[PDB]
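Each answer follows from the model by the rule given with it, or from the source it names; no laboratory read-out is quoted. We place every Cβ from the backbone using ideal geometry, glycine too, and count neighbours over all the protein chains shown.
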Amino acid sequence: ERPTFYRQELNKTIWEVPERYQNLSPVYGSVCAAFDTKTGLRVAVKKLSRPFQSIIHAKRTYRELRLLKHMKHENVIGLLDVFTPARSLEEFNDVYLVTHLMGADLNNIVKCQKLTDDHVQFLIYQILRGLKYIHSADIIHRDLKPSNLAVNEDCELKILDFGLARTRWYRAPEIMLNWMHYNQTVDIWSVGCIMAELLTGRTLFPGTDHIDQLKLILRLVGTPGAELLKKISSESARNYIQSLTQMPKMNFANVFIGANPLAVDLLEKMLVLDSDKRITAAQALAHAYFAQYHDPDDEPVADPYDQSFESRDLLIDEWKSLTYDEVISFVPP
Ligand SMILES: CCNC(=O)c1cn2ncnc(Nc3cc(C(=O)NOC)ccc3C)c2c1C
């Protein structure tokens, strides 16, 4: 039961999409905003770039599609559709993924603007809820930031681009210097930088380079204590820390002047150097800063997700064909 595609040489790249998708307006892939005719609903259409013209892209293509098909949560971007103009696995070299189009990202909401505590509470609460879900399926975002967080006019939020990362202002210090083995709280640190910027209106750690980034982070969290350093195996990481000039951790109360007391408590719990001791998503959800929204019975986790392919070393065409299977087997929500 195929459909009828049309061609749009607009962008500097050719778009070949189904009839229902009209008024393509451009906005690892090029994305267009478009108007779905079948639903009168505005969507986001993504054309994957050279999905199968390199082994890394091939695997990433398969990875992104599996994740989108499996993830069903109100705070995690969902897949409306996936298609290709190709009529056979031999013709397949293009992949399109369609999503809901939201009104704005977080990069603009705080665009030189301070929010209200309730606004912040609600935004951060949804990130944590969507994060708990993703983390439960054993997926980590890795590059969470204002731009991949999509919000609509009613402040309802969805997480974008998770699990692909397998733009320095939101990365955990341990994932930046490559020291102490990282865990899921790497996303918790990003949330910290985002929640802070949401309350203050300014970028928490607005670095100008890798080295200068660690500077700012350490200016606030203070240099790693003996407890942390003793757990750091990397010699190169140890040489760097031991070479820095000692610095005390600041009191977040005298940093986040005026913010709701509990906000500062949650913050302090999120912006910790010790990944071992950083609060988790599920744990941050139970925090009192969220008593108005917290609901232990409406904070779902993900059904088991088979990721074994991650340990696969296949050929481009093997990845290509597996994707083709995911494409044709797709059924809309
Ligand atoms: C607030 C205004 N902006 C938007 O609505 C908006 C802006 N973009 N930009 C890029 N991609 C978007 N969606 C998307 C995300 C993934 C994905 O997340 N796969 O990675 C696991 C896959 C395909 C698509 C189409 C997107 C949306 C929905």
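No other residue among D143, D138, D94, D118 is part of a helix (DSSP H, G or I) and among the acidic types (D, E) apart from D118. Can we say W169 is surrounded by 22 or more Cβ atoms within 10 Å (Cβ to Cβ), in contact with a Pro (Cβ under 8 Å, 6 or more places away or on another chain) and of a type in the set (F, W, Y)? Against the criterion (surrounded by 22 or more Cβ atoms within 10 Å (Cβ to Cβ), in contact with a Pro (Cβ under 8 Å, 6 or more places away or on another chain) and of a type in the set (F, W, Y)), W169 does not qualify. Looking at this structure, is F162 assigned to a loop (DSSP other than H, G, I, E, B), in contact with a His (Cβ under 6 Å, 6 or more places away or on another chain) and either over 22 Å from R63 (Cα atoms) or within 16 Å of the ligand (Cβ to nearest atom) (or both)? In short, yes.
Scanning segment 14-56 for residues that are farther than 19 Å from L79 by Cα and out of contact with any strand residue (DSSP E or B) (no Cβ under 6 Å at 6 or more places or on another chain) turns up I14, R50, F52, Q53, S54, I55, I56. Kindly indicate whether any position in segment 37-55 is surrounded by 19 or more Cβ atoms within 10 Å (Cβ to Cβ) and touching a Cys at 6+ places or on another chain (Cβ under 6 Å). So far as segment 37-55 goes, yes, one or more of its residues are surrounded by 19 or more Cβ atoms within 10 Å (Cβ to Cβ) and touching a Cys at 6+ places or on another chain (Cβ under 6 Å).
Residue check: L80 meets all listed conditions (1) more than 10 Å from the ligand (Cβ to nearest atom); (2) in contact with a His (Cβ under 7 Å, 6 or more places away or on another chain); (3) not assigned by CATH to the domain that holds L267 but one, namely (1).
Pairs meeting the criteria (first residue in segment 89-112 and on the phi < 0 side of the Ramachandran plot, second residue basic (K, R) and more than 6 Å from the ligand (Cβ to nearest atom), beta carbons under 7 Å, at least 6 apart or on different chains) are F92/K320; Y96/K47; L101/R42; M102/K158.
Condition check for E74 on (1) within 10 Å of the ligand (Cβ to nearest atom); (2) under 21 Å from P333 (Cα atoms): one failure, at (1). Just to be sure I understand, how many residues within segment 27-47 are farther than 11 Å from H100 by Cβ and more than 8 Å from the ligand (Cβ to nearest atom)? Within segment 27-47, residues that are farther than 11 Å from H100 by Cβ and more than 8 Å from the ligand (Cβ to nearest atom) number 9.
Output the residues belonging to segment 204-241 that are of a type in the set (S, T, N, Q) and more than 26 Å from the chain's Cα centre (by Cα). Reasoning before the result, please.
Here is the first cut: in segment 204-241, the residues of a type in the set (S, T, N, Q) are 208, 213, 223, 233-234, 236, 239.
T223, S233, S234, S236, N239 - these are the residues of segment 204-241 that are of a type in the set (S, T, N, Q) and more than 26 Å from the chain's Cα centre (by Cα).
Would you be able to tell me the number of residues in segment 165-214 that are part of a loop (DSSP other than H, G, I, E, B), under 21 Å from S136 (Cβ atoms) and away from the ligand (no atom under 16 Å from the Cβ)?
Residues in segment 165-214 being part of a loop (DSSP other than H, G, I, E, B), under 21 Å from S136 (Cβ atoms) and away from the ligand (no atom under 16 Å from the Cβ): 6 in total.
Yes/no per residue for (1) over 27 Å from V76 (Cβ atoms); (2) surrounded by fewer than 19 Cβ atoms within 10 Å (Cβ to Cβ); (3) touching a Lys or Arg at 6+ places or on another chain (Cβ under 8 Å):
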position: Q246; (1), (2), (3): yes, yes, no
position: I257; (1), (2), (3): yes, yes, no
position: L285; (1), (2), (3): no, no, yes
position: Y289; (1), (2), (3): no, no, no
position: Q292; (1), (2), (3): no, yes, no
position: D298; (1), (2), (3): no, yes, no
position: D313; (1), (2), (3): yes, yes, no
position: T323; (1), (2), (3): no, no, no
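Let's see how each residue does on (1) closer than 30 Å to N148 by Cα; (2) surrounded by 18 or more Cβ atoms within 10 Å (Cβ to Cβ); (3) of a type in the set (A, V, I, L, M, F, W, C); (4) touching a helix residue (DSSP H, G or I) at 6+ places or on another chain (Cβ under 8 Å):
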position: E174; (1), (2), (3), (4): yes, yes, no, yes
position: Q184; (1), (2), (3), (4): yes, yes, no, yes
position: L199; (1), (2), (3), (4): yes, yes, yes, yes
position: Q213; (1), (2), (3), (4): yes, yes, no, yes
position: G222; (1), (2), (3), (4): yes, no, no, no
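Here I124 fulfils each of the conditions (1) within 10 Å of the ligand (Cβ to nearest atom); (2) of a type in the set (V, I, T); (3) over 19 Å from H100 (Cβ atoms) apart from (1).
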